[PDB]
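Residue numbers begin at 1 in each chain, while the letters A, B, ... track the order of the sequences.
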Amino acid sequence: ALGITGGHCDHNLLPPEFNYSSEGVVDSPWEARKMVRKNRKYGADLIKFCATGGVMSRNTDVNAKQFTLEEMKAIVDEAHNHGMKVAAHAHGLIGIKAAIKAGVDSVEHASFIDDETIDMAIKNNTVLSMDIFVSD
Amino acid sequence: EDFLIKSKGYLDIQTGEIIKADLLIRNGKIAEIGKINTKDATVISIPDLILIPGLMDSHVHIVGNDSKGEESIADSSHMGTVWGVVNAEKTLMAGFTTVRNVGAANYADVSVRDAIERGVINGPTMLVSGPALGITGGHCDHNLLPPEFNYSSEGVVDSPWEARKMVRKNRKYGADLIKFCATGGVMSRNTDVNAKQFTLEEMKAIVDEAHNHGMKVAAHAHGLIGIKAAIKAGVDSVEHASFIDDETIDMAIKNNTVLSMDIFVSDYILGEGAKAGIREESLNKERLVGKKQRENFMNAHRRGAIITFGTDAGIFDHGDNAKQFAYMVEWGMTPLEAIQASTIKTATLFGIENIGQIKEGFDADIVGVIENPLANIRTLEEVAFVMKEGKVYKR
Amino acid sequence: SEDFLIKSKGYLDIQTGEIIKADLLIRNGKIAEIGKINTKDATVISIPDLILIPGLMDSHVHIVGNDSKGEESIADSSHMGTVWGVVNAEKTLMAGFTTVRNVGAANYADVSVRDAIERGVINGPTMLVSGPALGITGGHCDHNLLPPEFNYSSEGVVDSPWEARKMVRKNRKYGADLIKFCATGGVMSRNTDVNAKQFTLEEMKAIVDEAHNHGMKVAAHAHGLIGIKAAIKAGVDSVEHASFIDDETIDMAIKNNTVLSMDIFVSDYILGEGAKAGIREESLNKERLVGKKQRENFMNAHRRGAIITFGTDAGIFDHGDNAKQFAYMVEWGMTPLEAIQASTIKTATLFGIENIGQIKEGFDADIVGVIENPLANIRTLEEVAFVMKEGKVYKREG
Amino acid sequence: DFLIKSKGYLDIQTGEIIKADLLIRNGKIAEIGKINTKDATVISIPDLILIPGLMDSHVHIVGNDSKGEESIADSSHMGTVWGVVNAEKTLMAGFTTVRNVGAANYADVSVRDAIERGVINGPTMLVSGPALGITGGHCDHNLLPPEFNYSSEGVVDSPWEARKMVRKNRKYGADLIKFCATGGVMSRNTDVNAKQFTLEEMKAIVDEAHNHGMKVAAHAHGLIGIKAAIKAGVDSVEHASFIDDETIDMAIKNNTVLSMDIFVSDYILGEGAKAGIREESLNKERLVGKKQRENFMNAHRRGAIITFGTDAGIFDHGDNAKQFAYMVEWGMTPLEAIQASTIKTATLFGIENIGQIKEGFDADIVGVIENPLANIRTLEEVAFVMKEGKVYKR
Ligand SMILES: NC(=[NH2+])NCCC[C@H](N)C(=O)O
Ligand SMILES: NC(=[NH2+])NCCC[C@H](N)C(=O)O
Ligand SMILES: NC(=[NH2+])NCCC[C@H](N)C(=O)O
Ligand SMILES: NC(=[NH2+])NCCC[C@H](N)C(=O)O
C-alpha cells in the first residue's frame with residue numbers, strides 16, 4: 001500500500017533512531033508514480049493507497065487527509081495508464097472527497113461520507129467498499 | 001483530591017477587574033467561582049496572594065546543552081536532555097505552565113514533553129516543534145564545521161516535496177507544531193538577517209502540509225522580505241518580526257498572523273551575553289536588530305496586531321522569562337495587555353482551549369503573586385505559588 | 001568558612017565494627033577531623049540520635065533506561081531513557097548510595113548523566129559507567145527482539161579479538177570508566193542459553209588486556225559455570241551474578257583476586273512482582289533455573305573466602321530499593337558488618353577509587369545517617385534519614 | 001488418550017517384533033503391554049505392524065518447486081508456500097522428525113515454528129539456517145555475472161567471519177550448522193574433489209557451534225574434504241562419497257556419522273536429466289554416484305555409523321522411503337536400515353525420547369502393512385502415521 005511518511009500504511013511502531021518507513025511510503029507525485037510502476041513490475045493487479053489516517057495504526061488522525069491531491073492524482077493516472085484499478089483507504093470526509101476527485105475506483109471504509117459526496121461517488125461511478133461488521 | 005484556594009482575589013483577564021472570590025479545584029479543573037461550601041477536602045490558605053492564570057511563553061528552547069567550556073565540547077546530545085529536565089522544572093517554578101518549545105534535535109523535545117505529560121518529571125505543558133526546517137546554510141542549519149564534513153542539521157530541506165516530507169516526519173515522531181526559518185538569524189554563523197530564506201513555493205508547501213494535519217506553523221523572520229513571504233505563505237506566527245513595517249503589520253492583521261516579538265533578550269545579548277559565550281558576528285547582528293524590533297513592536301501594537309509573549313528563553317536563563325513583562329509595558333502595552341499576551345493570546349495561538357482564564361471548567365493552571373500586577377507588573381518575576389493542572393508545585 | 005560540624009549518636013568504624021562517639025569536621029568535600037573540634041565559624045548539623053556509616057555503594061546498577069510502560073511507551077526515543085536516568089540517579093542518592101557502578105547503557109548517555117552529576121547540573125551518586133556492554137552476535141547484551149529483516153545488532157556487538165579491542169578503545173574514547181562484557185547467556189534476554197559460554201577465551205583475553213592497558217576494570221556477566229571459569233582465566237576484575245559457581249572456581253576467584261558481584265535479592269522481584277508486571281515467560285523459566293542456586297552458591301562463596309560485593313541489578317526492580325538486599329545478605333550467611341563492608345570498602349577496592357568507603361580523616365564526605373543501629377538491625381538501611389555526598393547535604397528528615 | 005491394538009510393534013534394539021498394545025497419553029508411550037482398560041479411545045488397527053516414526057537427516061523442504069517460464073522472477077516467499085506443502089508430504093510419508101539442511105532467509109525456522117505452534121502440519125524440523133560456505137563454493141550462488149557481485153547469505157571467508165555467522169544463525173533460530181567442505185553436484189563451477197575451507201576455518205565453525213550445543217553437518221564428496229571435516233570434529237559428513245578405508249576408521253574413532261544419500265543418483269541421471277538439471281551437474285553425478293554406494297558398503301562393513309539422509313527436494317518430497325530398498329541392496333539388513341532412520345538419527349539429531357517404541361518416549365509411531373524385516377518396501381506406502389500422539393494418516 002502507498003502512503004505518506006507517518007501515514008496509516010506506514011509503520012509508526014519504532015523509535016526515531018531506527019528511521020523505519022514501510023515498503024510503500026512515498027512523499028512526492030513522481031515517487032508515487034515510481035512505486036505504482038514498481039508494484040506493477042513485481043506483479044500487482046491493483047493499487048491501494050491511504051488517503052486518511054486509520055483505526056489500527058499508531059499516531060494517525062482519522063479526519064486528517066494524507067497525501068496532497070497532486071500526489072493522489074499521480075497515483076491514479078499512473079495506475080489507470082497500466083489498466084490497474086485504484087482503491088483508496090479513507091475514513092474522514094476530506095480524504096474521501098479528495099480520493100474521488102483524483103479518480104479512484106473504490107473508496108475503502110468511507111466512514112464519514114456526506115450527502116454531497118455520496119452523490120460525487122454516484123456521478124463518477126466510484127464504489128464504496130464499506131466494512132460495517134468489523135467494528136463489533 | 002480536591003482543593004479550596006483562599007485568595008486575596010483573582011484577575012479576570014478579559015475585563016481587567018480583580019475579583020475577590022474563592023476557587024474550588026477538582027481533578028485539574030476550576031469547578032466553582034464565588035463563595036463555596038467545603039465538605040470534603042483540603043484548603044490552601046494563601047491569603048496575601050492575588051491569583052492569575054498560569055503564564056505562557058511562545059518561544060522557548062528548554063532542551064539543549066547549557067554546559068559550557070572546555071569540558072563540554074564532545075558532550076553527546078543526551079547532555080542536552082539532562083538539561084531539558086532541569087530547565088523544564090525551572091520554567092514551571094517561574095509560573096509558566098504551558099510553553100511552546102520551538103527547536104530541538106533528535107525528538108528530545110517530545111521525550112521531555114511526554115515525560116512531563118506522564119508525570120515522570122515536573123515541568124510546563126510543552127508544545128514541541130521537532131527539528132526546525134531550513135535551507136542548506138540557513139539559520140536553523142549548523143554552519144560551524146568544515147566543508148569536508150558536509151554536515152547538515154536534521155530539518156534541512158531544499159525543495160517543496162522535501163519540506164512536505166519533513167513536516168510528515170515530524171508529525172510521525174511527535175511534533176505539535178512546525179517551526180521554520182524564513183530569514184537569517186542573530187545567533188547563527190554565516191546568515192544575513194535581511195535575506196529571505198526559502199522560496200515562497202517552499203514556504204507555502206510547509207504551511208499547506210502542516211495545516212492539513214492541524215499543525216500550527218511558526219516562522220523565524222527578522223528581515224522584511226522574509227516576514228512578508230511568511231505572512232503570504234499563511235503562517236500562524238512570525239517569530240521575532242524585527243523589521244516589520246506599516247504595510248505588513250496590516251498584512252498580518254487581515255490574516256490573523258500573530259507576532260511573537262522577543263523584546264527583552266537584546267539587553268541580555270548586548271549586555272551579559274558578550275562574555276557569556278556569544279560570538280562577535282552575532283553581537284554585530286544584534287546591534288542591527290535589537291533597537292529597531294521594539295520600535296516596531298510599539299508600532300504593531302498601535303496599529304492593532306496580535307502580539308504574544310515569546311522570549312527566546314535558552315539564550316537567557318530559564319526561569320528569567322518574566323523579565324520581559326516590564327519591557328512589554330515600556331514599549332506600549334498596558335499591564336493588562338502584557339498578561340493577556342501570556343494567557344488568552346497565547347492560548348488561541350497554541351490552539352488549546354480551556355486554559356489561560358480563571359473561568360469555571362478551565363484547567364487549574366494558577367499562579368499566586370504578591371502585589372497588584374496592574375500596578376506593578378514586575379511581581380511576575382517573583383512568584384510565590386504555582387499550581388499546574390491542580391497539583392501544587394511552589395509554596 | 002563553609003564548613004560543617006556533624007554532631008551524632010556515633011559513627012561506625014568499618015574495619016572493626018566499633019561505633020565511636022565523635023564529631024566530624026567537614027571541609028572542601030572531605031572529612032577533615034574526627035573527635036572534639038573547637039569551632040565558632042562552622043555551621044552545626046545537630047543530628048543527635050542518628051548513627052553514621054559511610055556512603056553505600058552498588059556494583060551493578062542500570063540507572064539510565066526507559067522505565068515507562070504500556071502501549072504509549074513503544075516508539076519512545078533513547079532520550080526518554082536519559083530523562084528517566086535523571087530521576088533514577090536522584091532516587092539512588094536519596095537511599096544513601098553515593099558511588100555506584102552503572103554497568104550497561106546505550107549511546108554514552110550513561111557518561112552524560114555521570115558528567116551532569118559531576119558538574120552539579122543534577123543530584124545523583126558518583127557513577128562509574130561502562131558504555132555499551134560488549135557482546136557476541138545474538139548474545140545476552142545483543143538485542144534479539146527484532147525480525148532478521150532488520151538485521152539489528154546493538155551498539156556493542158563484537159565478534160573477533162581485534163573488533164573487541166576496537167570497542168574497548170571506542171568506549172574509552174567516549175568517556176567510559178570500565179568495560180562490561182557478557183560471558184554467558186542471561187535471564188532477561190530473548191534466546192540465550194544461561195549455561196552456554198559466549199565469546200571465545202581469545203576474545204575474552206583481548207577485551208581484558210586492552211581494558212587493563214588503559215587502567216579500566218572489567219566486569220563479566222556470567223551465570224553458567226563454563227563462562228565463570230573463562231572470565232576468571234581471562235583475568236576479569238569481577239564476575240557479575242556468578243550463579244553456578246562451584247568449589248574449584250570459587251578457589252580460582254580467590255586466587256586471582258576476582259570479585260563476585262552477586263545479585264541475590266532480585267530473583268524475588270522477577271518471580272514475585274515481575275511476572276505480573278510484563279516480564280516474559282521465557283525469562284521467568286530461566287529465572288527459576290538461576291535464583292535459588294545462586295543464593296546457595298553465594299553462601300558457599302563467602303564461607304570459602306571469596307570477595308563478594310554489593311550488586312543488585314537495580315533497574316529490573318525500582319531504583320531506591322537497592323538496600324533491600326542487605327536483609328538477604330545476613331539471611332544467606334554474612335554477618336551484618338560484612339554486609340556493609342561489601343557495600344563500602346570492598347566495593348571501593350573493586351571500583352579502584354581511593355579515599356571513599358570509610359569515615360576516616362582525609363576521606364571524601366560521603367556519609368549516611370540512620371535511625372537504628374545497623375549492626376543490630378540491618379533493615380534500617382532500607383529507610384535512611386540522612387544523606388551527605390561530597391560535603392553537601394541531600395537528605396535530612398528532622 | 002489412546003489405546004492402540006496392533007498386529008505388533010518392532011523392538012528396534014533387539015529386532016524381534018513384539019505383539020503388544022500401546023497406551024498413549026500426553027503425546028508419549030505410557031505403557032507397553034496388554035491393556036484395554038479405562039480412559040479414552042481404542043484405535044482399531046488390527047493388521048498393521050508398528051515401527052518408530054521415520055527420520056531423514058538431509059532434506060530441503062523449503063524452496064521453489066515451480067518450474068519453467070512462470071517461476072523466473074518468483075520471490076523467496078514461493079519457496080515458503082512450497083515448504084508448507086512439502087512438510088505435509090514428508091509427514092504423510094511417515095517421517096516424523098527431519099533435519100532441514102540448508103534454506104534461505106530463515107524461512108526454514110519459520111516453517112519449523114509454524115509446525116511447532118500447530119499452525120500447519122508437518123514433521124519436527126531441526127533447521128540449519130543458511131549453509132556456510134566460501135566465496136564461489138557449493139553453497140554459494142554461482143549463477144549470476146561478475147557485475148552483480150552476488151554472494152549468498154552464508155558466504156564466509158575467514159575463521160572469525162564463520163564464527164559470526166554461526167552466531168547469526170543461532171540468533172535467528174537455527175538448531176544446527178551445515179557447511180560445505182567440498183564442491184558439489186547440483187552447483188555450477190565447483191570441483192567435487194577439491195576441498196573448500198581451510199581446516200582453520202572449519203575448526204572455527206565446529207568450535208563455535210559446539211560451544212552453543214549445536215550439531216555440525218559438513219557437505220563433502222571428495223576425500224580430502226571428508227578428512228578435513230572429521231579432523232575439524234563435525235558430527236556428520238553428508239554424502240561422504242569418496243571416503244576410503246583409512247578415513248572411515250577416522251570416522252569410527254571420532255564418532256563422526258556418515259549421512260549417505262544413495263537413492264538420489266538414479267533420480268538425477270534418469271528423470272532429473274529431462275527435468276531441467278544442467279549437463280555439468282549430470283557429468284559430476286556420474287563421477288560420484290556409483291562410487292558413493294560402493295563406499296557406503298565399505299563404510300558399513302568397517303563399523304561406521306550411517307544415518308538415513310536422502311537429499312529430498314531434488315526428488316519429490318514424500319518419496320523419501322525409496323532409499324530404504326537401496327540400503328539393503330548395498331549391504332544392510334532391513335533392521336539396520338530402519339535402525340539408520342530411527343535410533344541412529346535420534347543420536348545424530350541430539351534428541352532424547354524419540355526413535356523407539358519404549359516407555360516414556362514420544363508417541364511418534366508409524367503403521368505398516370507387511371513385515372518391514374521381510375520386505376522393506378512397505379515403508380514406501382505407510383498406512384498409519386502418528387506424531388506426538390496426534391494421528392495424521394489413516
Ligand atoms: N469501523 C471500521 N471499519 N473499522 C476498521 C477499520 C480498519 C482499517 N484497516 C483501519 O485501521 O482504519
Ligand atoms: N532582538 C532579538 N530578538 N534578538 C534575539 C534573536 C534570537 C534568534 N533566535 C536569532 O538568533 O535570530
Ligand atoms: N537471579 C538473578 N541474578 N537475576 C537477575 C539477572 C539479570 C541479568 N541482567 C540477566 O538477565 O542475566
Ligand atoms: N550421489 C549423490 N549423492 N548425488 C546427490 C548430490 C547432491 C548434493 N546436494 C550436491 O549437489 O552435491
With a cut-off of 6.0 Å (strictly less than), are more than 12 heavy atoms of other residues, nucleotides or ligands near [atom1] of [X]?
X      : atom1 : value
C:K217 : NZ    : yes
C:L145 : CG    : yes
B:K388 : NZ    : yes
C:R165 : CZ    : yes
B:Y151 : OH    : yes

Per-residue contact mode, C:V86 against chain B (heavy atom under 4.5 angstrom):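 Just its side chain gets close to chain B.
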
What part of [X] is in contact with chain C, defined as an atom under 4.5 angstrom from a non-hydrogen atom: side chain, backbone, both or neither?
X      : result
B:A115 : both
B:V120 : both
B:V86  : side chain

Would you mind listing every salt bridge (charged side-chain N to carboxylate O under 4.0 Å, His left out) that reaches into residues 56-85 of chain C, with sequence neighbours excluded?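 Matches after skipping sequence neighbours: B:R118-C:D76.
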
Looking at C:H79 and B:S111, what are the two nearest heavy atoms and their distance?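 Between these two residues, the closest heavy atoms are CB-OG, 3.6 Å.
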
With a strict 4.5 Å heavy-atom criterion, list every residue of residues 97-107 of chain C that contacts chain B, or say none.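 Against chain B, the residues of residues 97-107 of chain C that fall inside the cut-off (heavy atoms, under 4.5 Å) are C:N107.
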
